[PDB]
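Here is what each chain is made of, one letter per residue.
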Amino acid sequence: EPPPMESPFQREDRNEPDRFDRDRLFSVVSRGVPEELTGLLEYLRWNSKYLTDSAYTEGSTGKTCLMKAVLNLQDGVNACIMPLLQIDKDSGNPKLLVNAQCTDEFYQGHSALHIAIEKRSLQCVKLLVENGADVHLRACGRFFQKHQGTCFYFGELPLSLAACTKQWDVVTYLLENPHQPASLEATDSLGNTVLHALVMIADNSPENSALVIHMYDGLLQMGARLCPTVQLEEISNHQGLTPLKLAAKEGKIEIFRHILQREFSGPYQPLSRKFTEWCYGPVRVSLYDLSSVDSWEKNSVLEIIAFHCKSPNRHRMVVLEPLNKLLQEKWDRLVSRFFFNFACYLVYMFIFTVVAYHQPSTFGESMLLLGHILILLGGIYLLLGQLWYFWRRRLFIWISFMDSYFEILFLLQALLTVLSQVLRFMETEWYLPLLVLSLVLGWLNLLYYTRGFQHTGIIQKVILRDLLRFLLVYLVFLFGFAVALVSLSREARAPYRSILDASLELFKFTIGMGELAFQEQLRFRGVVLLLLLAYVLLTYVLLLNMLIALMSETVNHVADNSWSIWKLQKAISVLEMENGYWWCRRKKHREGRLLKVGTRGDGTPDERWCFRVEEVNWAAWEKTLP
Amino acid sequence: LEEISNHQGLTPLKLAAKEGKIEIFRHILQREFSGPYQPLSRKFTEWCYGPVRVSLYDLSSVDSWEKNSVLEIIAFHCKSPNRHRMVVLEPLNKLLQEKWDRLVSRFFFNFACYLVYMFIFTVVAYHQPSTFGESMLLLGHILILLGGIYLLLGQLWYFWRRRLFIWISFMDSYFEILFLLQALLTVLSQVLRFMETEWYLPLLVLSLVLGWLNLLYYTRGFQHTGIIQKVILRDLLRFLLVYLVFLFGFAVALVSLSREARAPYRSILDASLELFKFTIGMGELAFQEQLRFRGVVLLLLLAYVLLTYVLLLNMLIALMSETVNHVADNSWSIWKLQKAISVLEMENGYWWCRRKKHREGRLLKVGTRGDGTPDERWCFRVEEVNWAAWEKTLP
Ligand SMILES: CCCCCCCCCC(=O)OC[C@H](COP(=O)([O-])OCCN)OC(=O)CCCCCCCCC
Ligand SMILES: CCCCCCCCCC(=O)OC[C@H](COP(=O)([O-])OCCN)OC(=O)CCCCCCCCC
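Reading guide: rules and limits
- Residues numbered from 1 in each chain as written, not as in the entry; some residues may be left out.
- Chains lettered and ligands numbered in written order.
- Part of a larger assembly, values for the part shown.
- Heavy atoms only, no water.
- Residues with missing side-chain atoms left out of burial classes, pairs and counts.
- UniProt positions renumbered as here; feature names shortened; annotations may be inferred.
- Helix = DSSP H or I, 4+ residues; strand = E, 2+ residues; numbered from the N terminus.
- Expected span 1.5 Å × (residues − 1).
- Buried < 20%, exposed > 50% of the residue type's maximum accessible area, 1.4 Å probe, protein only.
- Arc of directions from axis to C-beta.
- Contact = heavy atoms within 4.5 Å.
- Near = heavy atom within 4 Å.
- Polar contact = N/O pair within 3.5 Å; in protein donor to acceptor, adjacent residues only side chain to side chain.
- Areas by Shrake-Rupley, 256 points an atom, 1.4 Å probe, with all protein chains shown as cover.
- Salt bridge = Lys/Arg side-chain N within 4 Å of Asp/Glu carboxyl O.
- Buried area = accessible area lost by both parts, 1.4 Å probe.
- Nonpolar A, V, L, I, M, F, W, Y, C, P; charged D, E, K, R; others polar.
- Pairing = 2+ DSSP bridges.
- Axes fitted to C-alpha atoms, helices over the stretch in contact; angles between N-to-C directions.
- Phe/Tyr/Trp six-rings, centres within 6.5 Å; stacked < 30°, edge-to-face > 60°.
- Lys NZ or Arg CZ within 6 Å of the ring centre and 35° of its normal.

Method of determination for the deposited model, per the PDB record: cryo-EM, at 3.1 Å resolution.

The name given to chain B in the PDB entry is Transient receptor potential cation channel subfamily V member 2, and the organism recorded there is Rattus norvegicus. As deposited in the PDB, this entry carries the title "rat TRPV2 in nanodiscs in the presence of weak acid at pH 5". What UniProt records for chain B under Subunit is the sentence "Homotetramer (Probable). Interacts with a cAMP-dependent protein kinase type II regulatory subunit (PRKAR2A or PRKAR2B) and ACBD3. Interacts with SLC50A1; the interaction probably occurs intracellularly and depends on TRPV2 N-glycosylation." Taken from UniProt, the Sequence similarities comment for chain B reads in full: "Belongs to the transient receptor (TC 1.A.4) family. TrpV subfamily. TRPV2 sub-subfamily."

The name given to chain A in the PDB entry is Transient receptor potential cation channel subfamily V member 2, with Rattus norvegicus as the source organism. According to the UniProt record, the Sequence similarities comment for chain A reads "Belongs to the transient receptor (TC 1.A.4) family. TrpV subfamily. TRPV2 sub-subfamily."

Right, dumping it as structure tokens:
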């Protein structure tokens, strides 16, 4: 169990001048009395000891006497801190007490500078920095990593801590101080910078959204003065994700929207990504930057949202501009291919149906033999196509089954089609069950192409989740009653002769596919009637609770995301159509036009691949009219 | 003042738990006075680091180690409908979570032993006649009888200690009655088997159905399956009385019409069974076309079908109105209560061997009491991370 950081009720673990031990020293710095610190310096020199030794620190974690004073801050100032640092200098300690860190697994790298920032004591922050505090210390402990349970991930940096805790006075002091300035490009163990740390702590709540966005813009403007040449937003972590890409993967849509469309007028203009071109009444025309957004570049935001995002807001991020117009233009260019692929699959299903319809148990046989070849070649083409898709997008289908359940069905139909034609060559009779199942699955796969139509493309998740929940209860009811009916029939000896036949008989009656046999000739026909009556009544109550649970969830949860999901379905489709087929791959066409926005910080003309978006909103226009 | 007990032996903290006054129960459970009057508080803040807040909660008269604790009163002596909300308040949420994590291995071990017992129960009943095969079958009947008595003695021990909890909370402990009934049928069937009578067979197959249906009790250990039904059962018994009047009224007339001019309708029991099977889709209706008054039978059967449809229509409407209007999400709170009742009974242990209760918390000296004695309490550390409250206090 991790020890507490500061417990006023639990003593710290312990794992000729008068004696001044750790217990006496920890008590003095806790009460903030510099008068009783006398005698510590004479003790250290007498036995050649230092304040950073293991005797003066908690053995379990490594908390020093200096951090005890910072934890016990009285109205922002501790009178014991300044004498404590002076004793360390006079004692000749090779390692500075100010830069001391813990060694515990839970608290690793935690120093006194981290505590002073969290306690919101700028006077304590200035006092430590003036004495030689390193501002580039990493708190790489389990408590400071993002995981389940008790944790606080602030970026593992003192500068990142002040930004996440909304302390602009501490951020300003650390960034520009004569003693030791803080760089905005500092990275933690995960490679996250200060801007990367903000998107991780960001939340869709309006309070946290206002905190992170205001902190994000302030650091960019301050970073433009301290480091004009360095582009802070193009820095990537160990996963290769920029702060724009990192917000897309995690799903922080509120900051993702702000970064995607931001506009700064006058000064700090090159820090903006949306530039207004012209407006005429309700019509507003803006140029959106397509840097790291367009699908032409590798690992773009459009690919991350559609194939690397697990957040439930992925269908709302494809609606924000310029992602709405960009995916619409890509769909309009590839709408002809989508129906061309639908036409080729429909012709393949037509040939598949006719051959299976007209096969025996020489022009007619020669054309039938030619038909079997086209089925086999079509099956392998669908087989190789889905394996290529499965090799590139193995993780997307595992995290999103509802978005790509047809991809598994296209493989299964392809596997059954190829293997049936192989079994046909082996002259076995088992090619027929595989042929009719691929015929059913082949025709049922035509519903995938309904997303191209706006009426048919534009609830089911709730249904499937509840069906598997109540299926387990029904199987217990199905298995329990089936065994008793067989055991009652096997003894006094047939509709109930085995568990498989009894479970099938009861299941067919439930779905209205058959009837129940009462076993009137059996001696215990009353017991069978009692068991069959119990099964029917328990099933009705079980189905009644299923309808009530489905009724309560859909009525209470009111949401209209049919349009947003449909745009996401097109987004996943158009991104895969841009890659092309497996046998031939197209060359990606870059979207946007290279326009010179202005002058960058380094003096180079700020040329970006802007994308023109035209928006007409009468509601917002009438509000701004005097 | 707060340690004074009334004639029922209940402190003001325990009395609020039994009556169900959750608002004052929450305040007494977690209160903090700074500066003066500090020893009157039960929640002491240890340290805070951003959203993380760590507090030491007093476990006096709360931990299950002491007799007649609050955890026992809420789970076994409370009739208030807020009993599923009192197990969510701290430190009762973390205390019951730590007790569940320590006893999660036993719960699945008991589930495994019951599953093996049901497997042996099924095979023996599946392979019994109307010498290694018979010797193993005879050994199987002994394990069934010993397993039945073990379940019989276990439920009687539970029924002796918690007679009042099951009377006041049937929905929370309806499986306990089913475990006895399955145990009674299992033991009595093996006894009737020794008596060489043929009535051991109806009792054997009913215990086989009830035995397999009792495996749904162990679904509370899973968070997906453990996490409405009260409203359904309340309405079904309400509309059952109206249906029985409809069932009994039409059955007598059909028999009286058939008994006079004299068979699907020969007695009230057979007529009520025939009409009930058609309602649930388990059979068909006989029109008595050979009877002279076949038109009257058609009129009576048409009236029964139409009145039943209107009766079932009102039942669906009443169920639809109550669930839609009453909007509440207590699936998580009830699941924690189901685990709370289970972990409190697992702490007692089995009937043949009872464990020694392990005291939760650590004896920490909070400060100085009013009489001068050091205020040492069995505090319990609770770590809470709430980003929503932290961002509000930020200037
Ligand atoms: C190595 C050279 C091979 C050249 C073969 C050229 C065939 C044309 C290619 C084509 O039209 O696309 C195949 C089509 C697309 O599948 P999908 O993207 O809809 O899949 C999306 C799944 N999520 O899927 C189909 O139509 C089924 C495949 C069989 C078609 C046979 C040709 C028909 C000609 C009329
Ligand atoms: C006097 C000495 C007797 C010693 C017998 C030791 C048997 C093991 C004890 C055990 O595993 O617990 C029994 C189990 C618990 O019931 P429950 O708490 O789930 O009940 C909760 C009800 N609400 O319930 C069962 O598993 C069924 C009982 C029959 C089990 C037979 C042994 C199986 C060995 C594989």
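What follows deals with helix α20 (residues 431-444) of chain A. Residues and elements named next belong to chain A. Taking 1.5 Å of rise per residue, 14 residues should cover 20 Å, and α20 covers 20 Å from first to last C-alpha, within 8% of that figure. Those residues of α20 that sit buried are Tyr431, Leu434, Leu435, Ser438, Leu441 and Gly442. One side of α20 carries all its buried residues, which in axial view fall inside an arc of 135 degrees. Turning to α20, the residues buried within the fold contact α16 (335-357) and α19 (405-425).

We now examine the site of ligand 2. All names here are of chain B. Around ligand 2, the structure places 14 residues, and the nearest of them are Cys113, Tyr114, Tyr150, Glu176 and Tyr218. Between ligand 2 and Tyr114 there is a distance of 3.0 Å, counted from an oxygen atom to a backbone nitrogen or oxygen. Between ligand 2 and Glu176, the relevant distance is 3.0 Å, taken from a nitrogen atom to a side-chain nitrogen or oxygen of the residue. When the free accessible area of ligand 2 is taken as 850 Å², the share hidden by the protein chains comes to 68%. Going through the elements one at a time, α6 (104-126), α7 (132-161) and α9 (174-194) are the ones with two or more residues in the shell around ligand 2.

Another aspect to go through is the pattern of salt bridges. Where charged atoms of side chains with opposite charge meet at close range, the side chains can pair. Residue and element names in this part refer to chain A. Per the stated rule, a full pass over the model turns up 50 salt bridges over all chains. Of the charged contacts, one joins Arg273 and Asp289 as a salt bridge, the two residues approaching to 3.8 Å between their closest N and O atoms. One end of the pair, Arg273, is in the loop between α12 (253-260) and β1 (274-280); the other, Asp289, is in strand β2 (residues 283-289), with 16 residues separating them in the sequence. On the basis of relative accessible area, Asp289 is assigned to the buried category, the value being 4%. The residue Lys330 makes a salt bridge to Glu591 at a minimum N-O spacing of 3.9 Å. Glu591 carries the same exposure label as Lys330, and that label is buried.

Let us now look at the interface of chain B and chain A. Each partner contributes residues to the interface: chain B has 59 residues there, and chain A has 69 residues. For the pairing of chain B and chain A, the buried interface totals around 5,500 Å² over both sides, and the portion due to carbon and sulfur atoms is 73%. The largest per-residue losses of area from chain B upon contact with chain A belong to B:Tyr49, B:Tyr126 and B:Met282, which jointly make up 16% of the total buried on that side. Where chain B meets chain A, there are zero salt bridges. Summed over the shared surface of chain B and chain A, the number is eight residue pairs in polar contact. The leading source of residues in the side of chain B that touches chain A is helix α10 (residues 200-213) of chain B, at eight residues. Taken together, the residues of the side of chain B that touches chain A sort by class into 40 nonpolar, eleven polar and eight charged.

What follows deals with the sheet that holds strand β2 (residues 52-58) of chain B. All names here are of chain B. With antiparallel pairing, the four strands of this open sheet are ordered in space as β1-β2-β4-β3. Two strands bound the open sheet, and with one partner strand each, they are β1 (43-49) and β3 (362-368). Neighbour-to-neighbour, the strand axes of the sheet open up by a mean angle of 40 degrees, direction not taken into account. Note: β1 against β2, six bridges, orientation antiparallel. The partner of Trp47 across the bridge, within β2, is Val54.

This brings us to the sheet that holds strand β4 (residues 605-616) of chain A. All names here are of chain A. Ordered by their spatial adjacency, four strands build an open sheet running β1-β2-β4-β3, and the pairing between neighbours is antiparallel. Across the chains shown, the open sheet's two edge strands, defined by having one partner strand only, are β1 and β3 (593-599). With strand direction ignored, the average angle separating the axes of adjacent strands in the sheet is 40 degrees.

Here the focus is the UniProt feature "transmembrane region" in chain A. Within the UniProt annotation, "transmembrane region" is assigned to residues 338-358, 368-388, 395-415, 430-450, 468-488 and 528-548 of chain A. Along residues 368-388 of chain A one finds 100% helix and 0% strand; the C-alpha atoms at either end are 30 Å apart.

The subject of this paragraph is the packing of aromatic side chains. To describe a pair of aromatic rings, one takes the distance between the centres and the angle between the planes. Enumeration over the complete set of coordinates arrives at 61 aromatic pairs over all chains. Both rings, one in B:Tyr114 and one in B:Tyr218, keep their centres 5.9 Å apart while their planes meet at 40 degrees; by these two values the pair is tilted. Both residues of the pair, B:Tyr114 and B:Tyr218, belong to the buried class. Over the face of the ring belonging to A:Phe26 we find A:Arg22, whose NZ or CZ atom lies 5.6 Å from the ring centre. The ring of B:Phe293 has B:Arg292 lying over it, and the distance from NZ or CZ to the ring centre is 4.7 Å.

Cis rather than trans, the peptide bond between A:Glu321 and A:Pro322 has omega equal to 0 degrees. Note on placement: A:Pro322 falls in the loop between α14 (314-317) and α15 (323-333). Following B:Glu90, the chain continues to B:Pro91 via a peptide bond in cis, the omega torsion being 0 degrees. Within the secondary structure, B:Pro91 is located in the loop between α4 (83-86) and α5 (92-102). Although it is not a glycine, B:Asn68 adopts a positive phi angle of roughly 55 degrees. Counting through the fold element by element, B:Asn68 comes out in the loop between β2 and α3 (70-76). Of note in the backbone geometry, B:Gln288 takes a positive phi value of approximately 55 degrees without being a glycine.

Right, let's get into the UniProt feature "repeat: ANK" in chain A. Residue and element names in this part refer to chain A. As annotated by UniProt and renumbered to match this structure, "repeat: ANK" occupies residues 18-60, 61-107, 108-153, 154-189, 190-238 and 239-265. As annotated, residues 154-189 has a helix share of 42% and a strand share of 0%, and its two end C-alpha atoms lie 12 Å apart. The span residues 190-238 is 59% helix and 0% strand, and its two end C-alpha atoms sit 6 Å from each other.

To continue, consider the pairing of strand β4 (residues 374-385) of chain B. Residue and element names in this part refer to chain B. In the sheet, β2 pairs with β4 via seven bridges, with the strands oriented antiparallel. Along β4, the bridge assignment pairs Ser55 with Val382. Pairing of β3 with β4, which is carried by six bridges, proceeds in the antiparallel orientation. Residue pairing in the sheet places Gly367 in a bridge with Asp375 of β4. Two successive antiparallel strands, β3 and β4, enclose a turn made up of five residues, where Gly372 displays a positive phi of approximately 100 degrees.

Here the focus is the site of ligand 1. Residues and elements named next belong to chain A. In the region of ligand 1, 14 residues are neighbours, and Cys344, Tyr345, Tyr381, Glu407 and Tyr449 sit closest. Contact between ligand 1 and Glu407: a nitrogen atom at 3.0 Å from a side-chain N or O atom of the residue. Interatomic distance of 2.5 Å between a side-chain N/O atom of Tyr449 and an oxygen atom of ligand 1. For ligand 1, the protein covers 68% of the area, taking 850 Å² as the surface of the free molecule. When contributions to the shell around ligand 1 are tallied by element, the ones reaching two or more residues are α16, α17 (363-392) and α19. Residue contributions to the shell around ligand 1 peak at five residues, all from α16. Looking at side-chain class alone, the shell around ligand 1 contains eleven nonpolar, two polar and one charged residues.

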